[PDB]
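Have a look at the structure below, then the notes.
As a convention, Cβ positions derive from the backbone with ideal geometry for all residues, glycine included, and neighbour counts pool all protein chains shown. Laboratory data are not the source of any read-out in this text; all were calculated from the coordinates shown.
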Amino acid sequence: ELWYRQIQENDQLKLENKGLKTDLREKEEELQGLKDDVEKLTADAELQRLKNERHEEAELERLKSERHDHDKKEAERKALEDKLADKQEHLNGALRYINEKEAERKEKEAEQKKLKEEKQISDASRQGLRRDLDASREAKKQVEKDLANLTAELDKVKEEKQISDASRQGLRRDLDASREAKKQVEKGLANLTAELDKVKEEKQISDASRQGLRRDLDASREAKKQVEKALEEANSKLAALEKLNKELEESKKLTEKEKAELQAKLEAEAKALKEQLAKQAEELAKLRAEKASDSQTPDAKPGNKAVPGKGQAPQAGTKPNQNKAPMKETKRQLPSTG
């Protein structure tokens, strides 16, 4: 924890760093205000690993400290991915975009280099940025928890893009019909924005406003959840079949027990509901989001037979069958109870 060449160099004034450009970055290199994985230099790949993640520690400071921090030349360590990862002969992706995110502000020309008077046509724009827009993207943001279950076991009948959709159109209906809550939160302010006639386009100061807080600010009520199906620990087990327990719950309320052939399901399927259970008490993998089974028997012995069942099974199990691998000496040899 030394410090040699001890001239008083530490904090200083006015800041704009540079590259030390051993490029593995494309652009926005090691500059730690716009940091080493804050965008698309070495090891901040798109598809959600920018400063969006819960750190900048994939903030790959190796771009300048390429051989001075960890000589992997950059990533595959502190930033758990490969560089920008961008450029090689697959020119087919990522759709760089521009959009009509236009809050229907005034229609303008440039015979003065366009210095028009946007006054409440622009107060409407800035109120749209509040109502037209806020609560319109959390209605769009079905992207980091619900992204798993927009379509559940259905034969990939695309619906994930049709319920969050009503919010990605929520900057058009918002921008012109919650821009009711602007084109009238903006003239109900004053008649300088042409407000329609009669004595009841005057309640609309707040009613076209409520159209906003019903179309844009409740866009967070309509769309976001409207595609909801569950990929929790994907087993409630005995409870989805609790109709077995009809013939065993009928044996305690009142006296019964006619033919006993039908009691070969109550405590018979429950027999397979310790392998099924010990799968439940373990994990998911019923619903899509990539699924099927690695644990419904390839690892169901734990609890069932009580031994690991992969990679040269240990000597436990009540029927062990191998003694060839690295391990912890297990049964004839002994750790604590086997």
Tell me the mean residue ellipticity at 222 nm calculated for the chain from its helices only (DSSP H runs of n ≥ 4, each -39500 (n - 2.57), averaged over every residue, nearest 500). -4500 deg cm²/dmol
Under 8 Å for C-alpha pairs, at least 6 residues apart: give me the relative contact order for the chain, rounded to a whole percent. 10
What number, in percent, do you get for the relative contact order of segment 1-139 if the mean sequence gap of Cα pairs under 8 Å and at least 6 apart is divided by its residue count? 16
Report the charge-dipole magnitude of segment 266-338 in Debye, nearest 20, computed about the Cα centre from +1 at each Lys and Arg Cβ and -1 at each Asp and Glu Cβ. 280
Let me make sure I get this right: for the chain, a, b and c are the square roots of the gyration tensor eigenvalues over alpha carbons, sorted descending. Under 1.5 in a/c it's rounded, otherwise prolate if a/b > b/c, else oblate. Which is it? oblate
Fewest first, what order do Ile7, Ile121 take by the number of other Cβ atoms within 10 Å? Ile7, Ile121
Between the helical axis of 204-215 and the dominant principal axis of the chain, each derived from Cα atoms, what acute angle in degrees is found, rounded to the nearest 10? 30
What ranking do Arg215, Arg49 get, fewest neighbouring Cβ atoms within 10 angstrom at the top? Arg49, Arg215
Filtering GluC sites (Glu not before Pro) in segment 240-314 by DSSP loop and by at most 16 other Cβ atoms within 10 Å leaves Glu242, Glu256, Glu258, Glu261, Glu282, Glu283, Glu290
I'd like the orientation of helix 263-272 relative to the chain: the angle between its Cα long axis and the longest Cα principal axis, in ° from 0 to 90, rounded to 10. 70
The simple spin-label model distance between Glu256 and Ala234, using points 7 Å out along Cα→Cβ, in nm, is 3.4
